[PDB]
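Heads up, the thing below is written out as C-alpha cells.
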There are 2 protein chains.
Amino acid sequence: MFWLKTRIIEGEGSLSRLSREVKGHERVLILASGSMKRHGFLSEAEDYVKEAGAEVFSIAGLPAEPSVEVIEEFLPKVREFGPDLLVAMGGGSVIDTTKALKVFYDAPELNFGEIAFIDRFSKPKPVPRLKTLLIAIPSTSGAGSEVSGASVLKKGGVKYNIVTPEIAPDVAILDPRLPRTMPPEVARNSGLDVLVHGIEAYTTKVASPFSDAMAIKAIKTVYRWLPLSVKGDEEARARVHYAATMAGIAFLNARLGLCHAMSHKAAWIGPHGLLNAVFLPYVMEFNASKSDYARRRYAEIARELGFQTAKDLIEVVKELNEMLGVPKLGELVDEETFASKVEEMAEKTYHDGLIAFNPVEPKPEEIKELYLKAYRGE
Amino acid sequence: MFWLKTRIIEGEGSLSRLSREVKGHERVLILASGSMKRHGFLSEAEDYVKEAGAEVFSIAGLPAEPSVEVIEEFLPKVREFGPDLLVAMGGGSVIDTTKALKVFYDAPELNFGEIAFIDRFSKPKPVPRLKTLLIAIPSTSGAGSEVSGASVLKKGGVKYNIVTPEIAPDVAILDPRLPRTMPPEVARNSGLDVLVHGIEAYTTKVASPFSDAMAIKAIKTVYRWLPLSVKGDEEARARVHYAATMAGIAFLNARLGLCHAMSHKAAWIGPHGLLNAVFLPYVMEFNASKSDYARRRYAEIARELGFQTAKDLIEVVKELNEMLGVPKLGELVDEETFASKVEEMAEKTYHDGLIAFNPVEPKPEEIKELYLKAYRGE
Ligand SMILES: NC(=O)c1ccc[n+]([C@@H]2O[C@H](COP(=O)([O-])OP(=O)(O)OC[C@H]3O[C@@H](n4cnc5c(N)ncnc54)[C@H](OP(=O)(O)O)[C@@H]3O)[C@@H](O)[C@H]2O)c1
Ligand SMILES: [Fe+3]
C-alpha cells in the first residue's frame, strides 16, 4: 500500500507560496522556533499571511520534547484566537507539537488516555476525523515529520505516541533558506537521521517498490552530499533537505524498525539523530546475521552506492560516522548510569510497536546484548 | 511541486480489496476490456462488489485507442444505471474512457471541444469539481493512467488530452495476476511506454527530485525486467507492473515532452507504445544536441544503468527496441501517405501543450525533420 496525503512545495523561496495557500482563511496560528524568529523567517511568513487577508497570531520559543503540560499553556490563547489554519515552522519537535495541538483543538473531548500507542500489545481507540488545515515548514533536514501521521508526546515525563492520518500535514513547504541556518552539528545529526530512516524503511516487512524508490534516493543523496552540507555548502543543504522529506515519505508508508525503537528509549542520553547513527551499524550486523531477507536488501543498497555486499554497506556506514566525528557511545554517557539502565531500556524497546516491522523480531535478551555491544564500541 | 491524489493498493490477489473499497456505495458500474471478461477477472470483481452489499453492473468490450464517439455510445448506459462508483478494469484505453465518462456524467453541460487541450495558444474552459468516485485497475503495464489526471481521446485520427486533477483516480489496485494474461506484443508495447514516460519525465523543465526518484526506478526496472516479462516470466510481469505506475506518478508531476506530442499527432499510424518507442531515440538525439541540461540528464540516467554518457543511453534504447522486435516506421505506413501528412503533423505537434514542457522548444520544421528522420530509420 502506498499513499501521500501531503502536498509538497519545494524550491528556493517557496515560503512565499504561503500566500496562495492561506487564501480563503481568516485566522492563522503559527508556532515557530526562536531561531526562526531571530532569522526573520517568522516575519516573512507573517507578511505572506497578512497580504492574503488573514489575521495572524504567532507563538515562538517552543522547547523540544513536547508535552501535554505545555499544550495546556497554549490551548486558551489558541482557543480564544479561533484559528482555522495552523502553521508549524521549525524542527521535528515544533511540527509534532502543532500536530498534537490540532487533535486537542479539533477534538477537545478526546481523552488523551484513550488514543496513545504506549505498548504494542495495547490497541488504542481510533482518532475521529479532524478539520483544521495544517501546513508544515521544516527548518531541519530532518525528521520527516512534515509528511508523517505521527507525533510523540509526554504526559509528565512518559512518552506516548499519537498515530493517525488526521494529523499528517495537508501541505509541506521545503525552502532551503531555512536549513542553511543549521549549525554544523545539527546539520550532521539530522542528516544522519535521514540515512537511518531510509535504510530502515528499505528493510521493513512492509516495504514496497513505491517506498523503496524514495528510500533509495534519500540514501544516495545523503551519502554523497552530507559531508559537504556539514561544511556548509549551500547546494548540498538544499539537496539533503529534499532527501529528508523523501525518507519521510518512505517511512510514512514502510514504517521503521529496531534502530529507531532503540533510539527512542535511550533518548535521555543524546539527540535522536546521533543515537540512531551510533546504533545503526550494530542493528545492521544483527539483522543481517539473522535474516537472509535483511542481508539481501542491504546488498541491494550497497550495489546502489556502487559496492557489492551487505558487509560493504555496514563498513561504509561506520566510516561515514567516523568521518563526521560521531562519538562512541562511551563518550556520551558514563559506564555506571548506562549499565544500570540497560535492562529497563531493553524491556521498553521490546514493547515498542516498531519492532513489529523490523525484519527480525529480537528477544529481550538480544536487545540487551545489542545495547552492550554498542557501548563497548565493539 | 509533488503530489499524489491516488491511494495505491498493490499485491498478488489485491483485487479482493475491492470489497473494502466499495463499502457504503450502492450502485457500482464496472467498465472493462474484453480480455478481463474472457479471463475471468470481471466475474471475480463483480463477486467482490456484491459481497460488499452493492448493486453491480458491468459493460465489457471497451475499445483500444478510443476516439470521441465512444462517449455517446456509453454515456446513455451510464446515465440509465446511475452509478455512485465507477470502476475501470483494463488498459489505459479503458481507464481513459472511464475518466472521460465521469466528466460528462457529473458535468453534463461540457463537451470535448471546450475542455480538451486542443491548442496550447488557447485556454480551454476549466472542468468543475466532479463527485463520482473512480477506482482504476490496470491490466497492462502500462499507461500510468491509473494515477494520472489525463484522459487521451482521438478526434480525426489525432490524440488530444483532457487534463484535470478531478479525473485522477481515487484508488488504484495493482494485482499482477491481471497483466500476466497480456500477449507478448501487448507486454512489449505497454512496457516501452513505461520507459518513454520515465525518460521524458526525468528531462522536462519541471522535474523535481521527488518525481525523479520514481522516474529512475521505473527505468531501471524496465531495462532489467522487460525482456523476461515479454517472454512470460511471472515475476518479471509483477515487477514491470509496479514500474508502470511509478512512471505514471513521475509524469503526473513532471509531465511529458516532445516524444509524446509527436506520438499523439501520429496516432493514426499505430498503437501508442510502439510509436513512442520508435520516436524516442530521435527525440533524445535532438534534445541532447540542443540542450546541455538534457545532455547531462541523459548521462545521469546512463550512469544509473551502469554506462557513462548521453550517447550510451541513446544506443541502449536503440538496442532494446531491436532486441524486442520493434518495427521500423516504414513497415507501418507507406512513404507517399506519410510524406503527404508530415507538414500537418508537425504543425499540430507544435500546438501540443506538451512541447512547453520539453527541454527545448522546437520549430515546426524541426519537428517535420524529426518525423522524416524516423521514417528513414537514420
Ligand atoms: N491517460 C494517460 O495518462 C495516458 C498516458 C499514456 C497513454 N495513454 C493511452 O493509453 C492507451 C494505451 O494503453 P495500453 O498500452 O494500456 O493498451 P490498451 O490500448 O488499453 O490495450 C491494448 C490491448 O491490450 C489488450 N489487453 C489489455 N490487458 C490485457 C490482459 N490482461 N490480457 C490480455 N489482453 C489484454 C486489450 O485487448 P481487449 O480489448 O481484447 O481486452 C487491448 O486490445 C492509448 O490510447 C494511449 O493514448 C494514456
Ligand atoms: Fe505514453
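Order of appearance sets the numbers: ligands from 1, and atoms from 1 within every ligand. Quick note: numbers below take in every heavy atom, side chains included, and nothing from hydrogens, waters or symmetry partners. Chain A is the first sequence line, chain B the second, and so forth, proteins listed ahead of strands; every chain is numbered from 1.
- Under a 4.0 angstrom heavy-atom cut-off, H260(B) registers as lying outside contact with ligand 1.
- Here the Fe ion (ligand 2) is the vertex; the NE2 atom in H260(B) and the OD2 atom in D193(B) give an angle of 140° (to 10°).
- Here the protein heavy atom with the shortest distance to atom 9 (C) of ligand 1 is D96(B) OD2, 3.7 Å.
- For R239(B) and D233(B), the salt-bridge test fails: no basic side-chain N is under 4.0 Å from an acidic carboxylate O.
- Both the sub-6.0 Å distance and the 45° axial angle are not jointly satisfied by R79(B) relative to the ring of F74(B).
- Residue contact check for ligand 1: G273(B) places no non-hydrogen atom closer than 4.0 Å to it.
- The closest approach between any non-hydrogen atom of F41(B) and ligand 1 is not below 4.0 Å.
- Among protein heavy atoms, atom 3 (O) of ligand 1 sits closest to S148(B) OG, 2.9 Å.
- For atom 43 (O) of ligand 1, the nearest non-hydrogen atom from the set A64(B), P183(B), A247(B), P179(B) comes from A64(B).
- Taking every non-hydrogen atom of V152(B) and a distance limit under 4.0 Å, the qualifying atoms of ligand 1 come out as 47 (O), 48 (C).
- Scanning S93(B), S139(B), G142(B), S190(B) for the heavy atom closest to atom 12 (C) of ligand 1 points to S93(B).
- Given atom 5 (C) of ligand 1, the protein heavy atom at minimum distance is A143(B) O, 3.5 Å.
- No hydrogens or angles considered: a donor-acceptor pair under 3.5 Å links the side chains of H260(B) and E200(B).
- Atom 13 (O) of ligand 1 has its closest protein heavy atom at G92(B) N, 3.5 Å.
- Distances from ligand 1 to the non-hydrogen atoms of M36(B) include at least one value under 4.0 Å.
- No hydrogens or angles considered: nothing links the side chains of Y242(B) and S141(B) as a donor-acceptor pair under 3.5 Å.
- Ion pair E300(B)/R295(B) not flagged as a salt bridge, since none of the NZ, NE, NH1 or NH2 atoms sits closer than 4.0 Å to an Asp/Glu carboxylate oxygen.
- Using modelled atom types, one finds a donor on one side chain and an acceptor on the other under 3.5 Å when comparing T337(B) with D334(B).
- Per-residue contacts place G91(B) under 4.0 angstrom from the following atoms of ligand 1 (heavy atoms of the residue considered): 16 (O), 20 (O).
- The NE2 atom of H197(B) and the NE2 atom of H272(B) meet at the Fe ion (ligand 2) at an angle of about 170°, given to 10°.
- Side-chain contact, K99(B) with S148(B): a donor N or O sits under 3.5 Å from an acceptor N or O.
- Here the heavy atom of the protein found nearest to atom 40 (O) of ligand 1 is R38(B) NH2, 3.0 Å.
- Distances below 4.0 Å separate heavy atoms of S33(B) from the following atoms of ligand 1: 41 (O).
- For atom 17 (O) of ligand 1, the closest non-hydrogen atom on the protein side is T140(B) CG2, 4.2 Å.
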Practice problem: Test salt bridge (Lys or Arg N to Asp or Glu O under 4.0 Å) on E315(B) and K311(B) and set out the steps. | Solution: CA-CA 6 Å; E315(B) 193 48 39; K311(B) 265 219 74 170; over 6 Å; no

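- Heavy atoms of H272(B) found under 4.0 angstrom from ligand 1 belong exclusively to the side chain.
- Between the side chains of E146(B) and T6(B), not a single donor N or O lies within less than 3.5 Å of an accepting N or O.
- Judged purely by distance below 3.5 Å, without hydrogens or angles, the side chains of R237(B) and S229(B) pair a donor atom with an acceptor atom.
- Counting only N and O atoms by type, the side chains of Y48(B) and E21(B) include no donor and acceptor under 3.5 Å apart.
- In this structure, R297(B) is positioned above the aromatic face of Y202(B), its NZ or CZ under 6.0 Å from the six-membered ring centre and within 45° of the axis.
- Counting only heavy atoms of the protein, atom 32 (N) of ligand 1 lies nearest to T181(B) OG1, 2.7 Å.
- Nearest-residue assignment for atom 25 (C) of ligand 1 (options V186(B), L256(B), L274(B), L62(B); heavy-atom criterion): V186(B).
- The nearest non-hydrogen atom to atom 29 (C) of ligand 1, considering only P66(B), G149(B), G90(B), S35(B), comes from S35(B).
- Applying the 6.0 Å contact sphere to NZ of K341(B) captures no more than 12 heavy atoms from other residues, nucleotides or ligands.
- A cation-pi geometry, defined here as NZ or CZ lying under 6.0 Å from the six-membered ring centre and within 45° of its normal, does not hold between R7(B) and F2(A).
- For atom 31 (N) of ligand 1, the nearest non-hydrogen atom from the set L252(B), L178(B), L275(B) belongs to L178(B).
- By the criterion of a heavy-atom distance under 4.0 Å, neither the backbone nor the side chain of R180(B) is placed next to ligand 1.
- Looking only at heavy atoms of the protein, atom 45 (O) of ligand 1 is closest to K159(B) NZ, 3.1 Å.
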